[PDB]
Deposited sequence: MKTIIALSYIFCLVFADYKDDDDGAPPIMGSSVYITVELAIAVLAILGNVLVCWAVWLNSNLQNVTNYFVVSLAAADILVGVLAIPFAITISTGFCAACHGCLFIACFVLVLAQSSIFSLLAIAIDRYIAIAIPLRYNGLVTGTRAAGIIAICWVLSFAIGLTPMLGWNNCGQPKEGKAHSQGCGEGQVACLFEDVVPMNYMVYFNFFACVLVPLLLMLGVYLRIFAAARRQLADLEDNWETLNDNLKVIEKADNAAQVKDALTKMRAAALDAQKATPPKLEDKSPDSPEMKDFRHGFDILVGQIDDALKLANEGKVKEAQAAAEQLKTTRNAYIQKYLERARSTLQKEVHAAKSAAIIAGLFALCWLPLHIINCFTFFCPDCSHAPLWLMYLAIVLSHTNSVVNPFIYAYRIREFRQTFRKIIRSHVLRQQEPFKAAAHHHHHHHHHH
């Protein structure tokens, strides 16, 4: 049996190395939001509420993890705070993720009423409510759902613990039924499943909007080409009416003239054919071709350009929410095993160290996703390096 101090120096070093990277990267995000006003919006106010949770991980949660690793003697309730504080920071992070997904869903689904729903002051109050709920969910064991009533007297005397003190160990103070049913299934697994469902509606609604533009465009141009080889005066009344319903369906100030000019030329062709004049109406329809291929077609590509921009942000936020579940599921399934298969042997200590270290890594990857995926966060970052390194 090798001395345990050697088998722990690499653990403390990895925990301290991750803590330093968690404090620097996330503070840099909070510094860019305060500096650039373009980064000040409802979406990023939830990013700061998440970066603040990642900062406190490397400031308090990681020092708490190194402390409990020793099993030091302390009051049973004082040990509960050191063991369950990371649950508070993990709860608000889930709330920030679920809040960002809802905000992006409103932007793509209801863009006309987005400015009326979300507000700088309405989002700030949601953050405060989420932080209060995260303390309630995270500190549930301190309200009596703990193992203080049945302390392990054999280990208390072993660490030389005084009267009333116990060996601060997570599995000995936090019940497993709380970690698996109340924390994992209810407060972690269920919220993540909703995030998966909200993101499916976002990408599906975006695809539906793209299909309308192409379908509304197909109904526009292909219907006008029908009248170029027409037969009766009513045969063009159908095709011009098909383009009229598609002109308004696609309209849903640079295009304000563009549609008013094109729809006006359309109505000046129904009546021209409403009187039997088929050849005179087709001549007025070539005037639509200029409008179609000059003053309106730029809108269908600008609207298509904005949709692709908005979806790109939905992927960037979904990548972050996906990386959160990846870093936290291994720890939760280990608990599931210890709780569901008692005949099984408990997971070895070296695997417990990998699951905990992996769960702390989540507090480091988020500042990297903002840069590599958001252009404005990159440039604001770079201005901080240039205006600080010198």
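Missing residue ranges, deposited sequence indexing starting at 1: No coordinates exist for the deposited residues in 1 to 23, 276 to 291, 430 to 449, so these stretches are absent from the model.
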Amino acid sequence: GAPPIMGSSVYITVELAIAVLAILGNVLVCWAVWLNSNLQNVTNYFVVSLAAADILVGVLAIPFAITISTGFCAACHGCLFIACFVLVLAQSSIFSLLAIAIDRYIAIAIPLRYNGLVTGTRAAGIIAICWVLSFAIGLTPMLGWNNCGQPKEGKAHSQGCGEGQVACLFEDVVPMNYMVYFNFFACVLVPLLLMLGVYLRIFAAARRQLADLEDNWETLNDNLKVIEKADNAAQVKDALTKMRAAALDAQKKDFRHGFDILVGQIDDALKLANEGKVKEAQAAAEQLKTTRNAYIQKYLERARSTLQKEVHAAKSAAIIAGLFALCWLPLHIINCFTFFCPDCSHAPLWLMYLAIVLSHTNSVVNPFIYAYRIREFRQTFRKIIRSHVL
From here on, numbers count along this sequence of modelled residues.
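Here the rigid core means the biggest group of C-alpha atoms that line up within 1.5 Å when the two forms are laid on top of each other.
More shifted region, core-based fit in 8 other deposited structures of this protein, 194 to 202 vs 266 to 274 by CA: This comes out as 266 to 274, the stretch further from the shown form in 8 other deposited structures of this protein.
Missing-residue flag, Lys253, threshold a third of other entries: Yes, a third or more of the compared structures omit it.
375 to 383 set against 21 to 29, stretch whose average Cα temperature factor tops the other in the entry: Comparing 21 to 29 with 375 to 383, the higher average CA B-factor belongs to 375 to 383.
Which of 229 to 237 and 135 to 143 has higher mean CA B factor, as the PDB entry lists it: Going by the record's values, the stretch with the higher mean is 229 to 237.
Highest-ranked of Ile319, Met243, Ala206, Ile94 once sorted by CA temperature factor in the record: Highest C-alpha B-factor among the listed options: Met243.
Options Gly264, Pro175, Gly71, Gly197 - largest CA temperature factor per the record: Checking the PDB record, the top C-alpha B-factor among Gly264, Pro175, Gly71, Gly197 is at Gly264.
Third of chain Cα B-factors occupied by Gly162: Its C-alpha B-factor belongs to the highest third of this chain's values.
Third assignment of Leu300 from its chain's C-alpha B-factors: As the PDB entry reports it, the C-alpha B-factor of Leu300 lands in the highest third of its chain.
Where the record places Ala156 (Cα B-factor, split into thirds across the chain): Tercile = highest for this residue's CA B-factor.
Among modelled residues of the same chain, the CA temperature factor third for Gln150: Its C-alpha B-factor, which the entry lists for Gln150, ranks in the middle third among residues of this chain.
Among modelled residues of the same chain, the CA temperature factor third for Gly258: Highest third - that is where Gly258 ends up once the chain's C-alpha B-factors are sorted.
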